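Source file target32.cif; content: mmCIF, C-alpha atoms and all ligand atoms.
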```
data_protein
#
loop_
_atom_site.label_atom_id
_atom_site.label_comp_id
_atom_site.auth_asym_id
_atom_site.auth_seq_id
_atom_site.Cartn_x
_atom_site.Cartn_y
_atom_site.Cartn_z
CA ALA A 19 235.38 242.55 112.88
CA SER A 20 237.91 240.04 114.15
CA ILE A 21 238.89 237.02 112.05
CA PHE A 22 240.90 233.92 112.83
CA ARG A 23 243.51 232.85 110.29
CA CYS A 24 245.59 229.70 109.94
CA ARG A 25 248.76 230.51 111.87
CA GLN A 26 250.92 228.55 109.35
CA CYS A 27 249.77 230.14 106.09
CA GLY A 28 247.40 233.07 106.79
CA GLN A 29 244.21 231.71 105.19
CA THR A 30 241.04 233.17 106.79
CA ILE A 31 239.23 230.39 108.66
CA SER A 32 236.61 231.85 110.96
CA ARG A 33 235.22 234.91 112.65
CA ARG A 34 234.92 235.95 116.26
CA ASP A 35 231.20 236.65 115.61
CA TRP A 36 230.86 232.88 115.05
CA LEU A 37 232.09 231.74 118.45
CA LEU A 38 229.69 229.22 119.85
CA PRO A 39 229.13 228.49 123.59
CA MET A 40 228.80 224.70 123.48
CA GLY A 41 227.66 223.57 126.93
CA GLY A 42 228.07 227.11 128.28
CA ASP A 43 231.56 227.98 127.01
CA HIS A 44 233.24 228.46 123.63
CA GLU A 45 236.52 227.17 125.16
CA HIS A 46 236.93 223.45 125.88
CA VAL A 47 240.19 221.92 127.15
CA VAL A 48 240.07 218.28 126.09
CA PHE A 49 242.31 215.20 125.81
CA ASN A 50 242.14 212.41 123.23
CA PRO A 51 242.73 208.65 123.85
CA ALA A 52 246.45 209.09 123.09
CA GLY A 53 246.55 211.61 125.97
CA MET A 54 247.18 214.65 123.80
CA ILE A 55 245.62 217.80 125.29
CA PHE A 56 244.03 220.49 123.09
CA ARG A 57 242.49 223.85 123.91
CA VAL A 58 239.50 223.93 121.53
CA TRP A 59 237.42 226.96 120.62
CA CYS A 60 233.97 226.21 119.17
CA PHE A 61 232.75 228.08 116.12
CA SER A 62 229.41 227.77 114.29
CA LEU A 63 230.95 228.06 110.84
CA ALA A 64 234.30 228.17 109.17
CA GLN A 65 235.78 228.40 105.68
CA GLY A 66 239.05 227.47 104.01
CA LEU A 67 239.38 224.04 105.69
CA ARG A 68 239.42 220.54 104.19
CA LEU A 69 237.52 217.90 106.14
CA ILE A 70 239.18 214.51 105.80
CA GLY A 71 237.61 211.09 106.16
CA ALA A 72 234.09 209.96 106.97
CA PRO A 73 232.55 211.20 110.27
CA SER A 74 233.23 209.08 113.33
CA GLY A 75 231.43 208.87 116.65
CA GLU A 76 234.40 207.21 118.40
CA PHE A 77 235.58 209.22 121.47
CA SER A 78 233.69 212.35 120.46
CA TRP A 79 234.19 215.16 122.99
CA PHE A 80 230.67 216.36 122.23
CA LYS A 81 227.86 213.92 123.00
CA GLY A 82 225.60 213.16 120.04
CA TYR A 83 228.04 214.49 117.44
CA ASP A 84 230.26 212.71 114.97
CA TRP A 85 233.62 214.29 114.05
CA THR A 86 235.80 214.73 110.99
CA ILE A 87 239.43 216.00 110.99
CA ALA A 88 239.79 219.58 109.70
CA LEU A 89 242.99 220.61 107.93
CA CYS A 90 243.78 224.05 106.60
CA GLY A 91 242.64 223.62 102.96
CA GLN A 92 245.58 225.74 101.80
CA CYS A 93 248.62 224.41 103.76
CA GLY A 94 247.34 221.15 105.31
CA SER A 95 248.02 222.13 108.96
CA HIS A 96 245.71 220.28 111.41
CA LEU A 97 243.40 223.01 112.75
CA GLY A 98 240.74 220.94 114.54
CA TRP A 99 237.55 218.98 113.79
CA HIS A 100 234.08 219.44 112.30
CA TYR A 101 231.16 218.03 114.31
CA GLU A 102 227.85 216.93 112.81
CA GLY A 103 224.74 214.81 113.34
CA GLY A 104 223.51 216.61 116.45
CA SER A 105 220.79 219.17 117.14
CA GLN A 106 220.79 222.84 118.13
CA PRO A 107 223.23 223.11 116.51
CA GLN A 108 223.37 220.38 113.90
CA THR A 109 226.98 221.19 113.02
CA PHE A 110 229.93 223.21 114.39
CA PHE A 111 233.73 223.35 114.46
CA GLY A 112 236.16 222.73 117.30
CA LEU A 113 239.33 224.57 116.27
CA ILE A 114 242.66 224.48 118.11
CA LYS A 115 243.09 228.00 119.48
CA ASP A 116 246.91 227.91 119.41
CA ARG A 117 246.94 227.09 115.67
CA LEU A 118 244.98 230.22 114.81
CA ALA A 119 246.01 233.89 114.69
CA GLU A 120 243.36 236.54 115.42
CA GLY A 121 243.42 239.85 113.56
CA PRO A 122 241.34 242.66 111.97
CA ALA A 123 238.95 241.59 109.20
CA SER B 20 233.98 211.64 130.71
CA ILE B 21 237.00 212.09 133.01
CA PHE B 22 238.67 215.31 134.13
CA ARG B 23 242.47 215.30 134.26
CA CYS B 24 244.95 217.98 135.33
CA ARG B 25 245.66 220.06 132.22
CA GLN B 26 249.39 220.38 133.13
CA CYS B 27 250.25 216.72 133.66
CA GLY B 28 247.29 214.36 133.11
CA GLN B 29 246.71 213.42 136.75
CA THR B 30 243.23 211.83 137.14
CA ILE B 31 241.07 214.31 139.12
CA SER B 32 237.34 213.87 138.70
CA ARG B 33 234.40 212.80 136.50
CA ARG B 34 231.45 214.47 134.80
CA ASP B 35 229.20 212.06 136.77
CA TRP B 36 230.52 213.76 139.95
CA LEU B 37 229.44 217.29 139.08
CA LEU B 38 227.33 218.88 141.80
CA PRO B 39 224.68 221.62 141.17
CA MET B 40 225.42 223.88 144.18
CA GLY B 41 222.62 226.46 144.40
CA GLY B 42 221.14 225.14 141.13
CA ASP B 43 224.26 225.22 138.93
CA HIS B 44 227.52 223.27 138.82
CA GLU B 45 229.24 226.36 137.33
CA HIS B 46 229.94 229.46 139.44
CA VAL B 47 231.80 232.49 138.12
CA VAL B 48 233.58 234.17 141.02
CA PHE B 49 236.37 236.63 141.77
CA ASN B 50 238.90 236.65 144.55
CA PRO B 51 240.26 239.75 146.38
CA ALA B 52 243.27 239.77 144.01
CA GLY B 53 240.74 240.42 141.23
CA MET B 54 241.19 237.04 139.54
CA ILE B 55 238.04 235.67 137.90
CA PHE B 56 237.47 231.90 137.97
CA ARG B 57 234.89 229.68 136.33
CA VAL B 58 234.52 227.17 139.17
CA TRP B 59 232.91 223.78 138.62
CA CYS B 60 231.56 222.11 141.77
CA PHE B 61 232.14 218.39 142.22
CA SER B 62 230.87 216.06 144.94
CA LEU B 63 234.12 214.13 144.72
CA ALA B 64 237.67 214.42 143.38
CA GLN B 65 240.93 212.47 143.68
CA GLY B 66 244.64 212.98 142.86
CA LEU B 67 244.76 216.33 144.71
CA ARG B 68 246.86 217.48 147.63
CA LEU B 69 245.05 219.69 150.14
CA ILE B 70 247.33 222.35 151.56
CA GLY B 71 247.12 224.22 154.84
CA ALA B 72 244.21 224.46 157.25
CA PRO B 73 240.61 225.40 156.28
CA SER B 74 239.69 229.07 156.27
CA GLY B 75 236.30 230.78 156.04
CA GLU B 76 237.84 234.09 154.88
CA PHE B 77 236.29 235.29 151.57
CA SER B 78 234.57 231.93 151.00
CA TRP B 79 232.32 232.13 147.92
CA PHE B 80 230.08 229.49 149.41
CA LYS B 81 228.17 230.45 152.53
CA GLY B 82 228.74 228.11 155.47
CA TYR B 83 231.89 226.50 154.00
CA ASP B 84 235.55 226.81 154.85
CA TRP B 85 238.10 226.25 152.06
CA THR B 86 241.46 224.56 151.72
CA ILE B 87 243.73 225.02 148.68
CA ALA B 88 243.68 221.98 146.37
CA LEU B 89 246.80 221.36 144.26
CA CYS B 90 247.36 218.67 141.68
CA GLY B 91 248.96 215.94 143.83
CA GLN B 92 251.27 215.14 140.90
CA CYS B 93 252.49 218.48 139.49
CA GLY B 94 251.51 220.97 142.23
CA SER B 95 249.33 223.09 139.90
CA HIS B 96 246.58 224.99 141.75
CA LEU B 97 243.36 223.30 140.63
CA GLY B 98 240.91 224.83 143.11
CA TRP B 99 239.67 224.35 146.66
CA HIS B 100 238.12 221.74 148.91
CA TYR B 101 235.17 223.10 150.88
CA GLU B 102 234.10 221.71 154.24
CA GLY B 103 232.19 222.55 157.42
CA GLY B 104 228.78 223.10 155.80
CA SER B 105 225.64 221.01 155.27
CA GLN B 106 223.93 219.23 152.38
CA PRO B 107 226.62 218.60 151.41
CA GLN B 108 229.13 218.73 154.24
CA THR B 109 232.00 218.90 151.75
CA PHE B 110 232.62 219.38 148.04
CA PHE B 111 235.28 220.51 145.59
CA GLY B 112 235.33 223.72 143.61
CA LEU B 113 237.73 223.24 140.71
CA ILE B 114 238.88 225.81 138.15
CA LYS B 115 237.42 224.59 134.86
CA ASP B 116 240.25 225.77 132.58
CA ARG B 117 242.92 224.03 134.71
CA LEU B 118 241.30 220.68 133.85
CA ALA B 119 241.08 218.72 130.56
CA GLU B 120 238.01 216.60 129.78
CA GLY B 121 238.18 213.31 127.91
CA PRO B 122 237.58 209.54 127.57
CA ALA B 123 237.29 207.20 130.59
CA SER C 20 229.39 240.87 147.83
CA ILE C 21 229.99 242.74 144.57
CA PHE C 22 228.57 241.96 141.13
CA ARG C 23 230.92 242.38 138.15
CA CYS C 24 230.64 241.85 134.41
CA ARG C 25 231.67 238.22 133.84
CA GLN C 26 233.32 239.04 130.50
CA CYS C 27 235.56 241.94 131.55
CA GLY C 28 235.16 242.50 135.34
CA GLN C 29 233.52 245.96 135.25
CA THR C 30 231.89 246.71 138.59
CA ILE C 31 228.13 246.78 138.09
CA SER C 32 226.24 246.47 141.40
CA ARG C 33 226.29 245.06 144.95
CA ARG C 34 224.23 242.88 147.34
CA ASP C 35 222.71 245.92 149.10
CA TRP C 36 221.15 247.24 145.86
CA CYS C 60 216.42 243.18 139.85
CA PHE C 61 218.57 246.01 141.27
CA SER C 62 217.69 249.51 142.55
CA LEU C 63 221.11 251.00 141.73
CA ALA C 64 223.91 250.00 139.38
CA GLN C 65 227.02 251.63 137.90
CA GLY C 66 229.26 250.92 134.93
CA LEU C 67 226.48 250.27 132.40
CA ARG C 68 225.55 252.16 129.22
CA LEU C 69 221.76 252.29 128.57
CA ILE C 70 221.13 252.05 124.79
CA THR C 86 216.70 250.60 127.79
CA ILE C 87 219.08 247.74 126.93
CA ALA C 88 221.92 247.81 129.50
CA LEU C 89 225.36 247.16 128.03
CA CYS C 90 228.45 246.72 130.16
CA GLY C 91 230.11 250.13 129.78
CA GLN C 92 233.56 248.52 129.49
CA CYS C 93 233.20 245.61 127.06
CA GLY C 94 229.63 246.16 125.80
CA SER C 95 228.28 242.72 126.81
CA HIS C 96 224.48 242.70 127.06
CA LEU C 97 223.98 242.40 130.83
CA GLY C 98 220.25 243.28 131.02
CA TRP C 99 217.83 246.24 130.81
CA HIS C 100 216.74 249.30 132.82
CA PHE C 110 214.54 248.79 138.15
CA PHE C 111 217.76 247.37 136.71
CA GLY C 112 217.23 243.88 135.31
CA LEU C 113 220.51 241.99 134.80
CA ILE C 114 221.11 238.51 133.31
CA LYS C 115 222.53 236.69 136.38
CA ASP C 116 224.49 234.27 134.16
CA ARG C 117 226.27 237.33 132.69
CA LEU C 118 227.59 238.36 136.15
CA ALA C 119 230.36 237.26 138.51
CA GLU C 120 230.37 237.64 142.28
CA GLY C 121 233.12 238.31 144.83
CA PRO C 122 234.22 240.35 147.90
CA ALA C 123 233.98 244.13 148.34
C1 LIG D 1 240.56 209.08 118.50
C2 LIG D 1 242.02 209.37 118.26
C3 LIG D 1 242.87 208.28 118.10
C4 LIG D 1 244.23 208.45 117.87
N1 LIG D 1 245.06 207.36 117.71
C5 LIG D 1 244.75 209.74 117.79
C6 LIG D 1 243.93 210.83 117.93
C7 LIG D 1 242.56 210.67 118.16
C8 LIG D 1 241.79 211.94 118.32
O1 LIG D 1 242.38 213.02 118.51
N2 LIG D 1 240.46 211.87 118.32
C9 LIG D 1 239.63 213.01 118.69
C10 LIG D 1 238.73 213.40 117.54
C11 LIG D 1 237.80 214.52 117.96
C12 LIG D 1 237.04 214.24 119.21
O2 LIG D 1 235.97 214.75 119.45
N3 LIG D 1 237.62 213.35 120.10
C13 LIG D 1 238.86 212.75 119.98
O3 LIG D 1 239.37 212.14 120.91
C1 LIG D 2 241.68 234.87 149.91
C2 LIG D 2 242.72 235.17 148.86
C3 LIG D 2 243.70 236.11 149.17
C4 LIG D 2 244.69 236.46 148.27
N1 LIG D 2 245.65 237.40 148.61
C5 LIG D 2 244.72 235.85 147.02
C6 LIG D 2 243.77 234.92 146.68
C7 LIG D 2 242.76 234.56 147.59
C8 LIG D 2 241.77 233.54 147.10
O1 LIG D 2 241.77 233.17 145.92
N2 LIG D 2 240.83 233.10 147.93
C9 LIG D 2 239.70 232.31 147.46
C10 LIG D 2 239.70 231.00 148.23
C11 LIG D 2 238.42 230.24 147.93
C12 LIG D 2 237.18 231.05 148.12
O2 LIG D 2 236.09 230.53 148.30
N3 LIG D 2 237.29 232.42 147.97
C13 LIG D 2 238.43 233.12 147.62
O3 LIG D 2 238.42 234.33 147.45
ZN ZN D 3 247.06 227.09 106.42
ZN ZN D 4 248.99 218.23 137.45
ZN ZN D 5 232.10 243.84 130.50
#
```

Could you spell out this file's structure in structure tokens?
Amino acid sequence: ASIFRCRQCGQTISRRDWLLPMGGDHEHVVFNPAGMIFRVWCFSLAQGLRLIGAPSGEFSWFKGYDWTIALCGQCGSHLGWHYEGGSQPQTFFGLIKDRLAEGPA
Amino acid sequence: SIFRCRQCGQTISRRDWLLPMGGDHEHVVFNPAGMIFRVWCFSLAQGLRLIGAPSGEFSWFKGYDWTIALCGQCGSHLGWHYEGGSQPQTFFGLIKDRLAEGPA
Amino acid sequence: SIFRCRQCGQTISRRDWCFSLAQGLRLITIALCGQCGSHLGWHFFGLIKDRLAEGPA
């Protein structure tokens, strides 16, 4: 019973039970076109976020998925991205590990 | 999909250059210091600096000698170059979490 | 060459021992890693190879 909370405001976001091994690992170190590097943990589900914009396929780290920016729905901190439009799974979250705090349910 | 050094962005390898050694490009191995590594095998890499002389001692890959591979830019230890074997003669075993994957 | 739990590094088995002997498991048989409780296989010990790591003795 471990949960991940927004490090800025404490809202519960996801659960350790929901870690998802995308391509063999739940941890992906990635860089965007601006050269910013993120350590992303993949989760099946989340709550308490606000997904902003329409999904985009441009520069997706995960082939066959479109992404949307995920903010903490409470404080607006950028916590990662939601991925959709794929298969097995259809949808999942890539959340920035350093912006989360893990603790007891 | 390009692999860069996670510490500095040096260009290192490509997803196209992954090599399934023994049926898998990923090997999970431990050294005699008890460190566990998820090693990805690549046919080719660039931007590294190979340090020292090859050694067969404790090689995870039978028939190959290894040389330490640093990031040629920042000096971070990214893995090993393997040589002296067959099919292939040489390849790179890089530590997955010391790389960052992203756009070409 | 020694087989260890990939998740926590518990020693499980070796090259010399589908295994005939293992250590460090808890049989529930479903074989859990005794240390971290990862499902590593069943008891003949059958172990998920992808759930192991290999190194020197
Ligand atoms: C595409 C992009 C352009 C910018 N000017 C700044 C940032 C980004 C960015 O992080 N995009 C991310 C979105 C999620 C993903 O999968 N891949 C990406 O590169
Ligand atoms: C051989 C060795 C001795 C130490 N004192 C510390 C670390 C290491 C080490 O990582 N060696 C690696 C080199 C690459 C290989 O294939 N197998 C290994 O165990
Ligand atoms: Zn928040
Ligand atoms: Zn570097
Ligand atoms: Zn374990």

Residues within 6 Å of ligand LIG 1 (chain D) (only C-alpha atoms and all ligand atoms), as a ChimeraX atom specification?
/A:50-52,77-79,85

Those same residues, written as a short mmCIF file (atom, residue, chain, number, x, y, z; two decimals), keeping the file's coordinate frame with C-alpha atoms?
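Printed below is out21.cif as written:
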```
data_model
loop_
_atom_site.label_atom_id
_atom_site.label_comp_id
_atom_site.auth_asym_id
_atom_site.auth_seq_id
_atom_site.Cartn_x
_atom_site.Cartn_y
_atom_site.Cartn_z
CA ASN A 50 242.14 212.41 123.23
CA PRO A 51 242.73 208.65 123.85
CA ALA A 52 246.45 209.09 123.09
CA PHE A 77 235.58 209.22 121.47
CA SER A 78 233.69 212.35 120.46
CA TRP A 79 234.19 215.16 122.99
CA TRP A 85 233.62 214.29 114.05
#
```

Counting only C-alpha atoms, which residues come within 12 Å of (243.4, 214.5, 124.9), with the point read in the file's coordinates, and could you list them as a PyMOL selection string?
(chain A and resi 46-58+77-79) or (chain B and resi 20-28+118-123)

Closest atom pairs, chain B residues within 6 Å of chain C, all atoms listed in the file, as CSV:
```
residue,atom,partner,partner_atom,distance
B:47,CA,C:119,CA,5.0
B:48,CA,C:120,CA,4.9
B:49,CA,C:121,CA,4.8
```

Counting only C-alpha atoms and all ligand atoms, name the residues that have an atom within 6 Å of an atom of ligand ZN 5 (chain D); the answer should be given as JSON, numbers by chain.
{"C": [24, 26, 27, 28, 29, 90, 92, 93, 94, 95]}

Residues contacting ligand ZN 3 (chain D) - anything with an atom at most 8 Å away, using all atoms listed in the file - can you give me those as a count of residues only?
14

Could you pull the residues within 6 Å of region 101-115 of chain A, counting only C-alpha atoms, minus those fewer than 4 positions along the same chain, as JSON, numbers by chain?
{"A": [57, 58, 59, 60, 61, 62, 82, 83, 84, 85, 97]}

To one decimal place in Å, what is the distance between CA of residue 72 (chain A) and CA of residue 22 (chain A)?
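Pair CA of residue 72 (chain A) / CA of residue 22 (chain A) returns 25.6 Å.
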
Residues of chain B at most 9 Å from ligand LIG 2 (chain D): nearest atom pair and distance in Å, only C-alpha atoms and all ligand atoms, as JSON lines:
```
{"residue": "B:48", "atom": "CA", "partner": "D:LIG2", "partner_atom": "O3", "distance": 8.0}
{"residue": "B:49", "atom": "CA", "partner": "D:LIG2", "partner_atom": "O3", "distance": 6.5}
{"residue": "B:50", "atom": "CA", "partner": "D:LIG2", "partner_atom": "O3", "distance": 3.7}
{"residue": "B:51", "atom": "CA", "partner": "D:LIG2", "partner_atom": "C3", "distance": 5.7}
{"residue": "B:52", "atom": "CA", "partner": "D:LIG2", "partner_atom": "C5", "distance": 5.2}
{"residue": "B:53", "atom": "CA", "partner": "D:LIG2", "partner_atom": "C6", "distance": 8.3}
{"residue": "B:54", "atom": "CA", "partner": "D:LIG2", "partner_atom": "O1", "distance": 7.5}
{"residue": "B:74", "atom": "CA", "partner": "D:LIG2", "partner_atom": "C10", "distance": 8.3}
{"residue": "B:75", "atom": "CA", "partner": "D:LIG2", "partner_atom": "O2", "distance": 7.7}
{"residue": "B:76", "atom": "CA", "partner": "D:LIG2", "partner_atom": "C1", "distance": 6.3}
{"residue": "B:77", "atom": "CA", "partner": "D:LIG2", "partner_atom": "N3", "distance": 4.7}
{"residue": "B:78", "atom": "CA", "partner": "D:LIG2", "partner_atom": "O2", "distance": 3.4}
{"residue": "B:79", "atom": "CA", "partner": "D:LIG2", "partner_atom": "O2", "distance": 4.1}
{"residue": "B:80", "atom": "CA", "partner": "D:LIG2", "partner_atom": "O2", "distance": 6.2}
{"residue": "B:81", "atom": "CA", "partner": "D:LIG2", "partner_atom": "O2", "distance": 9.0}
{"residue": "B:83", "atom": "CA", "partner": "D:LIG2", "partner_atom": "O2", "distance": 8.1}
{"residue": "B:84", "atom": "CA", "partner": "D:LIG2", "partner_atom": "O2", "distance": 7.6}
{"residue": "B:85", "atom": "CA", "partner": "D:LIG2", "partner_atom": "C11", "distance": 5.8}
{"residue": "B:86", "atom": "CA", "partner": "D:LIG2", "partner_atom": "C11", "distance": 7.5}
{"residue": "B:87", "atom": "CA", "partner": "D:LIG2", "partner_atom": "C10", "distance": 7.2}
{"residue": "B:98", "atom": "CA", "partner": "D:LIG2", "partner_atom": "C11", "distance": 7.7}
{"residue": "B:99", "atom": "CA", "partner": "D:LIG2", "partner_atom": "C11", "distance": 6.2}
{"residue": "B:100", "atom": "CA", "partner": "D:LIG2", "partner_atom": "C11", "distance": 8.6}
{"residue": "B:101", "atom": "CA", "partner": "D:LIG2", "partner_atom": "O2", "distance": 7.9}
{"residue": "B:112", "atom": "CA", "partner": "D:LIG2", "partner_atom": "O2", "distance": 8.3}
```

Emit the selected residues as a CSV table (one decimal), keeping the file's coordinate frame, including C-alpha atoms.
```csv
chain,number,residue,atom,x,y,z
B,48,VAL,CA,233.6,234.2,141.0
B,49,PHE,CA,236.4,236.6,141.8
B,50,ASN,CA,238.9,236.6,144.6
B,51,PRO,CA,240.3,239.8,146.4
B,52,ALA,CA,243.3,239.8,144.0
B,53,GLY,CA,240.7,240.4,141.2
B,54,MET,CA,241.2,237.0,139.5
B,74,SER,CA,239.7,229.1,156.3
B,75,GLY,CA,236.3,230.8,156.0
B,76,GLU,CA,237.8,234.1,154.9
B,77,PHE,CA,236.3,235.3,151.6
B,78,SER,CA,234.6,231.9,151.0
B,79,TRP,CA,232.3,232.1,147.9
B,80,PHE,CA,230.1,229.5,149.4
B,81,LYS,CA,228.2,230.4,152.5
B,83,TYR,CA,231.9,226.5,154.0
B,84,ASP,CA,235.6,226.8,154.8
B,85,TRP,CA,238.1,226.2,152.1
B,86,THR,CA,241.5,224.6,151.7
B,87,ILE,CA,243.7,225.0,148.7
B,98,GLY,CA,240.9,224.8,143.1
B,99,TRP,CA,239.7,224.4,146.7
B,100,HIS,CA,238.1,221.7,148.9
B,101,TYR,CA,235.2,223.1,150.9
B,112,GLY,CA,235.3,223.7,143.6
```

If you measure from CA of residue 45 (chain A) to CA of residue 33 (chain B), what distance in Å do you get, rounded to one decimal?
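CA of residue 45 (chain A) sits 18.4 Å away from CA of residue 33 (chain B).
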
One decimal, Å: what's the distance from CA of residue 63 (chain A) over to CA of residue 32 (chain A), could you say?
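We find that CA of residue 63 (chain A) and CA of residue 32 (chain A) lie 6.8 Å from each other.
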
Nearest to chain B by atom-to-atom distance, counting all atoms listed in the file, from A:44, A:117, A:68, A:100
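The shortest atom-to-atom distance to chain B comes from A:44.
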
Got a sec to check which residues sit within 6 Å of (236.0, 226.0, 136.2), counting all atoms listed in the file, and write them as a ChimeraX atom specification?
/B:57-59,113-116

Quick one: of A:122, A:43, A:98, A:67, who's nearest to chain B, counting only C-alpha atoms?
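Closest candidate: A:43.
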
Which one is closest to chain B: A:121, A:76, A:35, A:66? Count all atoms listed in the file.
A:76

Restricting to only C-alpha atoms, whichever of A:34, A:96, A:74, A:80 is closest to chain B is A:80

Who sits within 8 Å of residue 67 (chain C), all atoms listed in the file, same chain under 3 positions skipped, as a list in words:
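Using all atoms listed in the file, the neighbours found are residues 31, 64, 88, 89, 90, 91 and 92 of chain C.
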
Generate the output file for the selected residues, C-alpha atoms, as a JSON list (two decimals), in the coordinates of the input.
```
[["chain", "number", "residue", "atom", "x", "y", "z"],
["C", 31, "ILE", "CA", 228.13, 246.78, 138.09],
["C", 64, "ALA", "CA", 223.91, 250.00, 139.38],
["C", 88, "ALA", "CA", 221.92, 247.81, 129.50],
["C", 89, "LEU", "CA", 225.36, 247.16, 128.03],
["C", 90, "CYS", "CA", 228.45, 246.72, 130.16],
["C", 91, "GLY", "CA", 230.11, 250.13, 129.78],
["C", 92, "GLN", "CA", 233.56, 248.52, 129.49]]
```
